[PDB]
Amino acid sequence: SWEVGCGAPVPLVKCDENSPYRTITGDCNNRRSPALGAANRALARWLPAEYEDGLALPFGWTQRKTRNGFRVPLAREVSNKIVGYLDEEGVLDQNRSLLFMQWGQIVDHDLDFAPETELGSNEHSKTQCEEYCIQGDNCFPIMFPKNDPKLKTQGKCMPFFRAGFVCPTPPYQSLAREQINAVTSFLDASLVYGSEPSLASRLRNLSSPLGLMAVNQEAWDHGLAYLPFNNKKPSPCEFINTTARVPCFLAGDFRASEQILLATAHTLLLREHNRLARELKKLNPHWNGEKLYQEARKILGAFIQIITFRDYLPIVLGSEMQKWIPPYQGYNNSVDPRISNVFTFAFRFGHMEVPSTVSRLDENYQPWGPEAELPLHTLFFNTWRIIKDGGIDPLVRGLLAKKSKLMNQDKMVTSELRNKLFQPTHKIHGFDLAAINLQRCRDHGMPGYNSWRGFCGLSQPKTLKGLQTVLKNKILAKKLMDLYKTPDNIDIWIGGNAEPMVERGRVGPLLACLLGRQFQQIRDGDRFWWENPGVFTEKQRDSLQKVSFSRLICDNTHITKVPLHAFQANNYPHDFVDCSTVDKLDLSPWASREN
């Protein structure tokens, strides 16, 4: 038999064979094979892993060893000589709002999570790594090259730890090391509810039987909900500001707090759960807290799927969408809904769409006062700005009137993320997401760029001349070549994002294929897909295709003018209409009588 083996990080409890709801861990979605899709299982491999020693070591761990005859360049150099750029002018997407970049972060979070390894608390393994930069075990440092400013100021390297893997978390030796996805593979709102039983419970307001999610006690937004604070101390949200001491938010996903905007979207989804939960009491008064919790939750899952598949993917896969995601013909038991290891790196394209600053706007959408615009890095793990500086209406207006950063070949990643990133584990805004990303592709044992080129049925460059034509850019290919000595060693992340963009989307051929495939799979393979004959009622369905993110805002904030098409660029006030004119969720085909 196949490696029908491992699974140790795995929880395990049972399946009700005809239940009308998703489990909290994704289990039992597939009847033949229960665990398919579930949290805490290895990420799927669409191709064999590629390691230095064959089973666990990454390329660029042993200095002597080469990859196809050449040394792999240090990550931070690829970052320095290619990704980075100085001039922020003319870098914004003329036809995408900031929201376009944010919604993506929400979905890449709903689908995947690889926790780093961590067995070294109260040991000097966190110090033997940050302070002394000595490789070993799960400490895989990002070493700085020569001619690097950070050298003169931060040390020899940036600490970095390898991602957790299945079976244990200690020394494993026989099949190749596979990394862990720690959230459910189906798009189901597990970022709002959590992917664990342990946790979905702590997020809920059980004390009361209305199916409410627990909200913040200490603070309220002009009389509105706030994700609840988190116990865990030292939470670094109070480190960026020791005077204010405002903890991070506790949510379905642990990353809710990296940045003030993602934290804002998490609050817009929480309120809406409660808004639906309490409206569902009004129409079906004999429904218990659990019943309310589920049908409410079950809906939000639909809101996310719809918007994702209706308003988000076609302006991304562009014209390529149809070549990958055929219309929906119904659940197919033979499809593997799992998230592949490569997709988790393919979705990081969203990193080139992050602008350099976040704006705050007043009611007539104007600069919210003196310091209304802040550079991005002052917002990593920043909760005090929301709590003590306006709430979210000013911020949410921002995501609409403002634009995303257009990914473009000469300016890729903003400096805010490439030079001034802040990590929870350490205490300096001084990391590089590009380098970190590039190392991560290696930690996970990812096959080179041309492998994937071949996998998707695309040509495969072997020469500068070949690379110039594919990338359609002479200088870019040249630098890629000077560093990788062969298109075959080019880390897929940099590989994928350097290809020009497909017509009407925001990503190239390769990446369109990888993403194109994954969402096709998580849709055809989701038994709880919302367009699935059975999940909701026929009337209930027509009710739902009437949703917009524009409506979501109106119901949960005090913004009165929003646009009809939140994702594409929209100016105020021409493209801004008042809430009263926006279609709404008719919760009646839900209204029960006789239950």
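Superpose the two forms; the largest set of C-alphas matching within 1.5 Å is the rigid core. Start at 1 with the first residue shown and count on from there.
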query	finding
Positional deviation of Cα atoms in 9 other deposited structures of this protein after core superposition, greater for 168-176 or 249-257	168-176
Stretch departing more from the displayed form, 309-317 or 112-120, Cα RMS in 9 other deposited structures of this protein (core fit)	112-120
Mean C-alpha B-factor comparison - 270-278 and 77-85, higher one	270-278
Greater mean Cα temperature factor according to the PDB record, 152-160 or 306-314	152-160
From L544, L55, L36, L552, residue of greatest CA B-factor	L544
Per the PDB entry, maximal CA B factor within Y132, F345, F100, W384	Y132
Chain third (lowest, middle, highest) by recorded CA B-factor, residue given as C28	middle
Chain-relative CA temperature factor third for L191	lowest
Where the record places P394 (Cα B-factor, split into thirds across the chain)	middle
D526 - which third its CA temperature factor falls in, relative to the rest of the chain	middle
Chain thirds of CA B-factor: placement of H565	highest
